[PDB]
file input-v3.csv (CSV, C-alpha atoms)
chain,number,residue,atom,x,y,z
A,2,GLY,CA,-13.1,38.8,15.6
A,3,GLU,CA,-14.2,36.0,17.8
A,4,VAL,CA,-14.7,32.6,16.3
A,5,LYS,CA,-18.1,31.0,17.0
A,6,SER,CA,-19.3,27.6,16.0
A,7,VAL,CA,-22.6,25.8,15.2
A,8,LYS,CA,-22.8,22.0,14.8
A,9,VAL,CA,-24.8,19.2,13.2
A,10,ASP,CA,-25.4,16.5,15.8
A,11,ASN,CA,-24.6,12.9,15.0
A,12,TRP,CA,-22.4,13.7,12.0
A,13,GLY,CA,-20.9,10.3,11.9
A,14,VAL,CA,-24.4,8.8,11.4
A,15,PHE,CA,-25.1,11.3,8.7
A,16,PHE,CA,-21.8,10.8,6.9
A,17,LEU,CA,-21.9,7.1,7.2
A,18,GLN,CA,-25.2,6.9,5.4
A,19,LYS,CA,-23.9,8.9,2.5
A,20,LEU,CA,-20.9,6.5,2.1
A,21,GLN,CA,-23.0,3.3,2.1
A,22,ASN,CA,-25.2,4.8,-0.6
A,23,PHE,CA,-22.2,5.5,-2.6
A,24,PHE,CA,-21.0,2.0,-2.1
A,25,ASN,CA,-24.3,0.5,-3.1
A,26,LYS,CA,-24.5,2.6,-6.3
A,27,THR,CA,-20.8,2.3,-6.9
A,28,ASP,CA,-20.2,6.1,-7.0
A,29,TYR,CA,-16.7,7.5,-6.4
A,30,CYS,CA,-15.1,4.0,-6.1
A,31,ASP,CA,-11.4,4.1,-6.7
A,32,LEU,CA,-10.3,0.5,-6.3
A,33,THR,CA,-11.4,-2.8,-8.0
A,34,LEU,CA,-10.8,-6.1,-6.2
A,35,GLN,CA,-10.9,-9.1,-8.5
A,36,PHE,CA,-11.4,-12.7,-7.4
A,37,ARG,CA,-10.4,-16.0,-9.0
A,38,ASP,CA,-13.8,-16.5,-10.7
A,39,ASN,CA,-13.2,-13.1,-12.3
A,40,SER,CA,-16.0,-11.5,-10.2
A,41,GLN,CA,-15.1,-8.0,-9.0
A,42,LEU,CA,-15.9,-5.8,-6.0
A,43,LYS,CA,-15.6,-2.0,-6.4
A,44,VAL,CA,-14.6,-0.1,-3.2
A,45,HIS,CA,-13.3,3.1,-1.7
A,46,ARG,CA,-9.7,2.8,-0.7
A,47,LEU,CA,-10.2,5.3,2.1
A,48,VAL,CA,-13.0,3.2,3.7
A,49,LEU,CA,-10.7,0.2,3.6
A,50,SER,CA,-7.8,2.2,5.1
A,51,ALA,CA,-9.7,3.3,8.2
A,52,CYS,CA,-9.9,-0.3,9.5
A,53,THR,CA,-6.6,-1.8,8.2
A,54,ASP,CA,-3.4,-1.2,6.3
A,55,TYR,CA,-3.6,-4.7,4.6
A,56,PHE,CA,-4.9,-3.4,1.3
A,57,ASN,CA,-2.0,-0.9,1.1
A,58,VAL,CA,0.3,-3.9,1.2
A,59,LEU,CA,-1.7,-5.8,-1.4
A,60,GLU,CA,-1.5,-3.0,-4.0
A,61,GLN,CA,2.3,-3.1,-3.5
A,62,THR,CA,2.6,-6.9,-3.7
A,63,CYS,CA,-0.2,-8.3,-6.0
A,64,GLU,CA,-0.9,-8.2,-9.7
A,65,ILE,CA,-2.9,-5.3,-11.3
A,66,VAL,CA,-4.9,-6.3,-14.3
A,67,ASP,CA,-7.3,-4.1,-16.2
A,68,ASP,CA,-7.1,-1.5,-13.4
A,69,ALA,CA,-8.2,-4.3,-11.0
A,70,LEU,CA,-6.3,-5.7,-8.1
A,71,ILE,CA,-5.8,-9.5,-8.2
A,72,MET,CA,-6.7,-10.9,-4.7
A,73,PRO,CA,-4.5,-13.6,-3.2
A,74,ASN,CA,-5.8,-17.1,-3.0
A,75,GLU,CA,-6.7,-17.0,0.7
A,76,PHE,CA,-8.5,-13.7,0.4
A,77,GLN,CA,-11.5,-14.4,-1.8
A,78,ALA,CA,-15.1,-13.2,-1.7
A,79,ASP,CA,-16.2,-15.6,1.1
A,80,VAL,CA,-14.2,-13.5,3.6
A,81,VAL,CA,-13.7,-10.2,1.7
A,82,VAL,CA,-17.3,-9.4,1.0
A,83,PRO,CA,-18.5,-9.6,4.6
A,84,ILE,CA,-15.4,-7.9,5.9
A,85,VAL,CA,-15.8,-5.0,3.4
A,86,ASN,CA,-19.5,-4.7,4.3
A,87,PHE,CA,-18.4,-4.5,7.9
A,88,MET,CA,-16.1,-1.6,7.0
A,89,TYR,CA,-19.0,0.3,5.7
A,90,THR,CA,-21.5,-0.4,8.4
A,91,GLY,CA,-20.0,-1.6,11.6
A,92,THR,CA,-22.0,-4.8,11.1
A,93,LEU,CA,-20.6,-8.2,10.2
A,94,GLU,CA,-23.1,-10.6,8.6
A,95,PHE,CA,-21.9,-14.2,8.4
A,96,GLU,CA,-22.7,-17.9,8.6
A,97,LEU,CA,-21.5,-19.5,11.7
A,98,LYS,CA,-19.3,-22.0,9.8
A,99,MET,CA,-17.4,-18.9,8.5
A,100,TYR,CA,-16.5,-17.8,12.0
A,101,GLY,CA,-13.1,-19.4,12.3
A,102,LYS,CA,-11.9,-18.3,8.8
A,103,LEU,CA,-13.1,-14.8,9.4
A,104,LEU,CA,-11.3,-14.6,12.7
A,105,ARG,CA,-8.1,-16.0,11.2
A,106,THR,CA,-8.4,-13.6,8.3
A,107,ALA,CA,-8.9,-10.6,10.6
A,108,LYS,CA,-5.9,-11.7,12.6
A,109,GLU,CA,-3.7,-12.0,9.4
A,110,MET,CA,-4.8,-8.4,8.4
A,111,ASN,CA,-4.3,-7.2,11.9
A,112,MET,CA,-7.7,-5.7,11.7
A,113,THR,CA,-8.0,-5.1,15.4
A,114,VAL,CA,-11.6,-3.7,15.5
A,115,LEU,CA,-12.9,-6.8,13.7
A,116,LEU,CA,-10.9,-9.4,15.7
A,117,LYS,CA,-12.0,-7.7,18.9
A,118,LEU,CA,-15.6,-7.9,17.7
A,119,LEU,CA,-15.3,-11.6,16.7
A,120,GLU,CA,-13.6,-12.4,20.1
A,121,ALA,CA,-16.6,-10.9,22.0
A,122,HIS,CA,-14.8,-10.3,25.3
B,2,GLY,CA,-26.7,-22.1,6.9
B,3,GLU,CA,-28.3,-19.2,8.8
B,4,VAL,CA,-26.7,-15.8,8.6
B,5,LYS,CA,-26.1,-14.2,12.0
B,6,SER,CA,-24.6,-10.8,12.7
B,7,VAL,CA,-22.6,-8.9,15.4
B,8,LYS,CA,-22.1,-5.2,15.4
B,9,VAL,CA,-19.8,-2.4,16.6
B,10,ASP,CA,-22.0,0.3,18.1
B,11,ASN,CA,-21.5,4.0,17.1
B,12,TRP,CA,-19.6,3.1,13.9
B,13,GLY,CA,-20.1,6.5,12.4
B,14,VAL,CA,-18.3,8.0,15.4
B,15,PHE,CA,-15.5,5.5,15.1
B,16,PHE,CA,-15.2,5.9,11.3
B,17,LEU,CA,-15.4,9.7,11.5
B,18,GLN,CA,-12.4,9.9,13.9
B,19,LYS,CA,-10.3,7.9,11.5
B,20,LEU,CA,-11.0,10.2,8.6
B,21,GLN,CA,-10.3,13.4,10.6
B,22,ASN,CA,-6.9,11.9,11.6
B,23,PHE,CA,-6.2,11.1,7.9
B,24,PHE,CA,-7.1,14.7,7.0
B,25,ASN,CA,-4.9,16.1,9.7
B,26,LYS,CA,-1.9,14.0,8.7
B,27,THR,CA,-2.8,14.4,5.0
B,28,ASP,CA,-2.9,10.6,4.5
B,29,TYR,CA,-4.8,9.1,1.4
B,30,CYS,CA,-5.7,12.6,0.1
B,31,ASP,CA,-6.6,12.5,-3.6
B,32,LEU,CA,-7.4,16.1,-4.5
B,33,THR,CA,-5.4,19.3,-4.1
B,34,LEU,CA,-7.3,22.7,-4.1
B,35,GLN,CA,-5.1,25.6,-4.9
B,36,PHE,CA,-5.9,29.2,-4.0
B,37,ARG,CA,-4.8,32.5,-5.6
B,38,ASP,CA,-1.9,33.0,-3.1
B,39,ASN,CA,-0.7,29.6,-4.2
B,40,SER,CA,-1.5,28.1,-0.9
B,41,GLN,CA,-3.0,24.6,-1.1
B,42,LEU,CA,-5.5,22.4,0.8
B,43,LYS,CA,-5.3,18.6,0.4
B,44,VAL,CA,-8.6,16.8,0.7
B,45,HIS,CA,-10.5,13.5,0.1
B,46,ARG,CA,-12.8,13.8,-2.8
B,47,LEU,CA,-15.2,11.4,-1.2
B,48,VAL,CA,-15.6,13.4,1.9
B,49,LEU,CA,-16.3,16.4,-0.3
B,50,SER,CA,-18.8,14.4,-2.3
B,51,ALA,CA,-21.0,13.4,0.6
B,52,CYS,CA,-22.1,17.0,1.3
B,53,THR,CA,-22.1,18.5,-2.2
B,54,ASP,CA,-21.7,17.9,-6.0
B,55,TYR,CA,-20.0,21.3,-6.4
B,56,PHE,CA,-16.5,20.0,-6.5
B,57,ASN,CA,-17.5,17.5,-9.3
B,58,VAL,CA,-18.4,20.5,-11.4
B,59,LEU,CA,-15.2,22.4,-10.5
B,60,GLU,CA,-12.9,19.6,-11.7
B,61,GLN,CA,-14.9,19.7,-15.0
B,62,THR,CA,-14.7,23.4,-15.4
B,63,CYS,CA,-11.6,24.8,-13.7
B,64,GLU,CA,-7.8,24.7,-14.5
B,65,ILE,CA,-5.7,21.8,-13.3
B,66,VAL,CA,-2.1,22.8,-12.7
B,67,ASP,CA,0.6,20.6,-11.1
B,68,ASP,CA,-2.0,18.0,-10.2
B,69,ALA,CA,-3.8,20.9,-8.3
B,70,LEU,CA,-7.3,22.3,-8.9
B,71,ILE,CA,-7.3,26.1,-9.4
B,72,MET,CA,-10.2,27.4,-7.3
B,73,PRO,CA,-12.4,30.1,-8.8
B,74,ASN,CA,-12.1,33.7,-7.4
B,75,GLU,CA,-15.1,33.6,-5.2
B,76,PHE,CA,-14.2,30.3,-3.6
B,77,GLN,CA,-11.0,31.1,-1.7
B,78,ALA,CA,-9.7,29.9,1.7
B,79,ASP,CA,-11.8,32.3,3.7
B,80,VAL,CA,-14.9,30.1,2.8
B,81,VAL,CA,-13.4,26.9,1.7
B,82,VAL,CA,-11.3,26.1,4.8
B,83,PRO,CA,-14.2,26.3,7.2
B,84,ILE,CA,-16.6,24.6,4.8
B,85,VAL,CA,-14.2,21.7,4.3
B,86,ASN,CA,-13.6,21.4,8.1
B,87,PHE,CA,-17.3,21.2,8.5
B,88,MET,CA,-17.4,18.4,6.0
B,89,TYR,CA,-15.1,16.4,8.2
B,90,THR,CA,-16.5,17.2,11.6
B,91,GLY,CA,-20.2,18.4,11.5
B,92,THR,CA,-18.9,21.6,13.0
B,93,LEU,CA,-18.6,25.0,11.3
B,94,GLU,CA,-16.1,27.4,13.0
B,95,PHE,CA,-16.4,31.0,11.8
B,96,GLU,CA,-16.2,34.6,12.6
B,97,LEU,CA,-19.6,36.3,12.7
B,98,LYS,CA,-18.6,38.7,9.9
B,99,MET,CA,-18.2,35.7,7.7
B,100,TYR,CA,-21.8,34.5,8.2
B,101,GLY,CA,-23.3,36.1,5.1
B,102,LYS,CA,-20.6,35.1,2.7
B,103,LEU,CA,-20.7,31.5,4.1
B,104,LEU,CA,-24.4,31.3,3.7
B,105,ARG,CA,-24.3,32.7,0.2
B,106,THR,CA,-21.5,30.2,-0.6
B,107,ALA,CA,-23.5,27.3,0.7
B,108,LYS,CA,-26.4,28.4,-1.4
B,109,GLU,CA,-24.3,28.7,-4.5
B,110,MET,CA,-23.0,25.1,-3.9
B,111,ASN,CA,-26.5,23.9,-3.0
B,112,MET,CA,-24.9,22.4,0.1
B,113,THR,CA,-28.2,21.8,1.8
B,114,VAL,CA,-27.0,20.5,5.1
B,115,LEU,CA,-24.8,23.6,5.6
B,116,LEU,CA,-27.4,26.2,4.6
B,117,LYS,CA,-29.9,24.5,6.8
B,118,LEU,CA,-27.4,24.7,9.7
B,119,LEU,CA,-26.6,28.4,8.9
B,120,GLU,CA,-30.3,29.3,8.7
B,121,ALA,CA,-31.0,27.8,12.2
B,122,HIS,CA,-34.8,27.2,11.9
call {"tool": "encode", "arguments": {"input": "input-v3.csv", "output": "structure tokens"}}
result
Amino acid sequence: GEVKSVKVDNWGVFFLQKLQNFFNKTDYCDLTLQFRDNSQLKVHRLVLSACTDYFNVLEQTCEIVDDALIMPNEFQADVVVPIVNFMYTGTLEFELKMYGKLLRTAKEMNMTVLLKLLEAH
Amino acid sequence: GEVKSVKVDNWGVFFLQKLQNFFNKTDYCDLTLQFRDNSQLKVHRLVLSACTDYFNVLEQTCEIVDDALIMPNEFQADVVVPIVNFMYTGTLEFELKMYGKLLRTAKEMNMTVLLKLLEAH
């Protein structure tokens, strides 16, 4: 009646890879972000939610059209795409000239893990 | 115009922890599994989907009542609860007498990562 346990090591690594693949192939995505140029980014709410509550506030305060969430003017693909990629990977890819805007954006979201990264000690 | 990048190390570890917390507090859960005794387990579809396609087949073949998915008779809490916990943690906790049933269940799901673990070389 004793409970034993066996484990898979580095589960976070394993699980992470599966999610990135899903994001790439747009499998199991349950939120569509729409930008001013009508381009759209399909994401997993849950991935978003692990790093920030900001998107919870957006779905409560922004327009929903065609099942897609209209992004506010200061939150367009130039900052959202690299921030979302960061959410999936731990890695932020960016042009240096985007540093300030990304940092200000992370602060406005209170996305602590990202602003800590951008502030680099 | 050159793209640089900075990273957070061990992102899988970080992300994993956030998801387990969500599962514990039942935040952002989007699927309710219901067992014969009317008990229910609330989960994230996406976590389920990373290890198996079985639940995709269940939502296409099983009854949906009160927004809850009726689990088939051979798929009750005795195997589902430890298998789902494994999905979130990489760890399978179980009583030895459950070994055979868990292994047969993993095989019926074609949940490769779990049956490999249970077969231990």
call {"tool": "interface_residues", "arguments": {"input": "input-v3.csv", "of": "chain A", "to": "chain B", "cutoff": "6 Å", "atoms": "all atoms listed in the file", "output": "PyMOL selection string"}}
result
chain A and resi 3-9+12-14+17+19+51+91-96
call {"tool": "atom_distance", "arguments": {"input": "input-v3.csv", "atom1": "CA of residue 42 in chain A", "atom2": "CA of residue 82 in chain A"}}
result
8.0 Å
call {"tool": "atom_distance", "arguments": {"input": "input-v3.csv", "atom1": "CA of residue 77 in chain A", "atom2": "CA of residue 35 in chain A"}}
result
8.6 Å
call {"tool": "closest_residue", "arguments": {"input": "input-v3.csv", "among": "A:49, A:104, A:33, A:62", "to": "residue 85 in chain A", "atoms": "all atoms listed in the file"}}
result
A:49
call {"tool": "atom_distance", "arguments": {"input": "input-v3.csv", "atom1": "CA of residue 75 in chain A", "atom2": "CA of residue 40 in chain A"}}
result
15.3 Å
call {"tool": "closest_residue", "arguments": {"input": "input-v3.csv", "among": "A:37, A:108, A:26, A:43", "to": "residue 79 in chain A", "atoms": "all atoms listed in the file"}}
result
A:37
call {"tool": "closest_residue", "arguments": {"input": "input-v3.csv", "among": "A:78, A:72, A:84, A:44", "to": "residue 116 in chain A", "atoms": "only C-alpha atoms"}}
result
A:84
call {"tool": "closest_residue", "arguments": {"input": "input-v3.csv", "among": "B:86, B:122, B:56, B:111", "to": "residue 24 in chain B", "atoms": "only C-alpha atoms"}}
result
B:86
call {"tool": "build_atoms", "arguments": {"input": "input-v3.csv", "residues": "range 68-89 of chain B", "atoms": "N, CA, C and O atoms", "output": "PDB file, in the frame of the given file"}}
result
ATOM      1  N   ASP B  68      -1.128  18.969 -10.859  1.00  0.00           N
ATOM      2  CA  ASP B  68      -2.000  18.000 -10.200  1.00  0.00           C
ATOM      3  C   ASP B  68      -2.944  18.747  -9.153  1.00  0.00           C
ATOM      4  O   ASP B  68      -3.600  18.093  -8.341  1.00  0.00           O
ATOM      5  N   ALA B  69      -2.989  20.077  -9.202  1.00  0.00           N
ATOM      6  CA  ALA B  69      -3.800  20.900  -8.300  1.00  0.00           C
ATOM      7  C   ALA B  69      -4.914  21.612  -8.978  1.00  0.00           C
ATOM      8  O   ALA B  69      -4.706  22.159 -10.062  1.00  0.00           O
ATOM      9  N   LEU B  70      -6.085  21.657  -8.351  1.00  0.00           N
ATOM     10  CA  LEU B  70      -7.300  22.300  -8.900  1.00  0.00           C
ATOM     11  C   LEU B  70      -7.360  23.757  -8.586  1.00  0.00           C
ATOM     12  O   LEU B  70      -7.510  24.118  -7.418  1.00  0.00           O
ATOM     13  N   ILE B  71      -7.300  24.611  -9.599  1.00  0.00           N
ATOM     14  CA  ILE B  71      -7.300  26.100  -9.400  1.00  0.00           C
ATOM     15  C   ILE B  71      -8.748  26.491  -8.986  1.00  0.00           C
ATOM     16  O   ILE B  71      -9.693  26.371  -9.766  1.00  0.00           O
ATOM     17  N   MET B  72      -8.883  26.988  -7.759  1.00  0.00           N
ATOM     18  CA  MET B  72     -10.200  27.400  -7.300  1.00  0.00           C
ATOM     19  C   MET B  72     -10.616  28.758  -7.882  1.00  0.00           C
ATOM     20  O   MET B  72      -9.809  29.663  -8.037  1.00  0.00           O
ATOM     21  N   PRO B  73     -11.903  28.877  -8.233  1.00  0.00           N
ATOM     22  CA  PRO B  73     -12.400  30.100  -8.800  1.00  0.00           C
ATOM     23  C   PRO B  73     -12.268  31.292  -7.787  1.00  0.00           C
ATOM     24  O   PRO B  73     -12.075  31.051  -6.589  1.00  0.00           O
ATOM     25  N   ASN B  74     -12.382  32.523  -8.271  1.00  0.00           N
ATOM     26  CA  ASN B  74     -12.100  33.700  -7.400  1.00  0.00           C
ATOM     27  C   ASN B  74     -12.946  33.836  -6.224  1.00  0.00           C
ATOM     28  O   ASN B  74     -12.490  34.337  -5.195  1.00  0.00           O
ATOM     29  N   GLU B  75     -14.200  33.393  -6.316  1.00  0.00           N
ATOM     30  CA  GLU B  75     -15.100  33.600  -5.200  1.00  0.00           C
ATOM     31  C   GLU B  75     -15.131  32.445  -4.245  1.00  0.00           C
ATOM     32  O   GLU B  75     -15.978  32.364  -3.360  1.00  0.00           O
ATOM     33  N   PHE B  76     -14.174  31.543  -4.411  1.00  0.00           N
ATOM     34  CA  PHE B  76     -14.200  30.300  -3.600  1.00  0.00           C
ATOM     35  C   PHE B  76     -12.768  30.132  -3.082  1.00  0.00           C
ATOM     36  O   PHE B  76     -12.069  29.183  -3.423  1.00  0.00           O
ATOM     37  N   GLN B  77     -12.348  31.083  -2.249  1.00  0.00           N
ATOM     38  CA  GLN B  77     -11.000  31.100  -1.700  1.00  0.00           C
ATOM     39  C   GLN B  77     -10.997  30.553  -0.249  1.00  0.00           C
ATOM     40  O   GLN B  77     -12.037  30.138   0.278  1.00  0.00           O
ATOM     41  N   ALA B  78      -9.824  30.562   0.384  1.00  0.00           N
ATOM     42  CA  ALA B  78      -9.700  29.900   1.700  1.00  0.00           C
ATOM     43  C   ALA B  78     -10.603  30.379   2.758  1.00  0.00           C
ATOM     44  O   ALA B  78     -11.016  29.610   3.627  1.00  0.00           O
ATOM     45  N   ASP B  79     -10.976  31.660   2.692  1.00  0.00           N
ATOM     46  CA  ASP B  79     -11.800  32.300   3.700  1.00  0.00           C
ATOM     47  C   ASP B  79     -13.179  31.496   3.833  1.00  0.00           C
ATOM     48  O   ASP B  79     -13.723  31.386   4.930  1.00  0.00           O
ATOM     49  N   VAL B  80     -13.702  30.963   2.732  1.00  0.00           N
ATOM     50  CA  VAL B  80     -14.900  30.100   2.800  1.00  0.00           C
ATOM     51  C   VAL B  80     -14.630  28.645   2.679  1.00  0.00           C
ATOM     52  O   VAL B  80     -15.314  27.809   3.278  1.00  0.00           O
ATOM     53  N   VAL B  81     -13.611  28.287   1.909  1.00  0.00           N
ATOM     54  CA  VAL B  81     -13.400  26.900   1.700  1.00  0.00           C
ATOM     55  C   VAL B  81     -12.853  26.153   2.901  1.00  0.00           C
ATOM     56  O   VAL B  81     -13.308  25.069   3.242  1.00  0.00           O
ATOM     57  N   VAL B  82     -11.898  26.764   3.595  1.00  0.00           N
ATOM     58  CA  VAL B  82     -11.300  26.100   4.800  1.00  0.00           C
ATOM     59  C   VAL B  82     -12.387  25.784   5.831  1.00  0.00           C
ATOM     60  O   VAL B  82     -12.469  24.653   6.274  1.00  0.00           O
ATOM     61  N   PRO B  83     -13.223  26.767   6.235  1.00  0.00           N
ATOM     62  CA  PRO B  83     -14.200  26.300   7.200  1.00  0.00           C
ATOM     63  C   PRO B  83     -15.258  25.361   6.686  1.00  0.00           C
ATOM     64  O   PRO B  83     -15.768  24.548   7.445  1.00  0.00           O
ATOM     65  N   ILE B  84     -15.571  25.437   5.398  1.00  0.00           N
ATOM     66  CA  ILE B  84     -16.600  24.600   4.800  1.00  0.00           C
ATOM     67  C   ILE B  84     -16.068  23.157   4.764  1.00  0.00           C
ATOM     68  O   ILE B  84     -16.753  22.200   5.153  1.00  0.00           O
ATOM     69  N   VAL B  85     -14.827  23.018   4.310  1.00  0.00           N
ATOM     70  CA  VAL B  85     -14.200  21.700   4.300  1.00  0.00           C
ATOM     71  C   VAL B  85     -14.047  21.120   5.717  1.00  0.00           C
ATOM     72  O   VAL B  85     -14.313  19.925   5.940  1.00  0.00           O
ATOM     73  N   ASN B  86     -13.630  21.937   6.684  1.00  0.00           N
ATOM     74  CA  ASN B  86     -13.600  21.400   8.100  1.00  0.00           C
ATOM     75  C   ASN B  86     -14.923  20.927   8.523  1.00  0.00           C
ATOM     76  O   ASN B  86     -15.027  19.891   9.170  1.00  0.00           O
ATOM     77  N   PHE B  87     -15.971  21.672   8.181  1.00  0.00           N
ATOM     78  CA  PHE B  87     -17.300  21.200   8.500  1.00  0.00           C
ATOM     79  C   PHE B  87     -17.614  19.856   7.881  1.00  0.00           C
ATOM     80  O   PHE B  87     -18.238  18.998   8.519  1.00  0.00           O
ATOM     81  N   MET B  88     -17.142  19.636   6.660  1.00  0.00           N
ATOM     82  CA  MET B  88     -17.400  18.400   6.000  1.00  0.00           C
ATOM     83  C   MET B  88     -16.854  17.206   6.756  1.00  0.00           C
ATOM     84  O   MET B  88     -17.443  16.122   6.770  1.00  0.00           O
ATOM     85  N   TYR B  89     -15.740  17.438   7.430  1.00  0.00           N
ATOM     86  CA  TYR B  89     -15.100  16.400   8.200  1.00  0.00           C
ATOM     87  C   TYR B  89     -15.593  16.207   9.587  1.00  0.00           C
ATOM     88  O   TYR B  89     -15.347  15.186  10.202  1.00  0.00           O
TER      89      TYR B  89
END
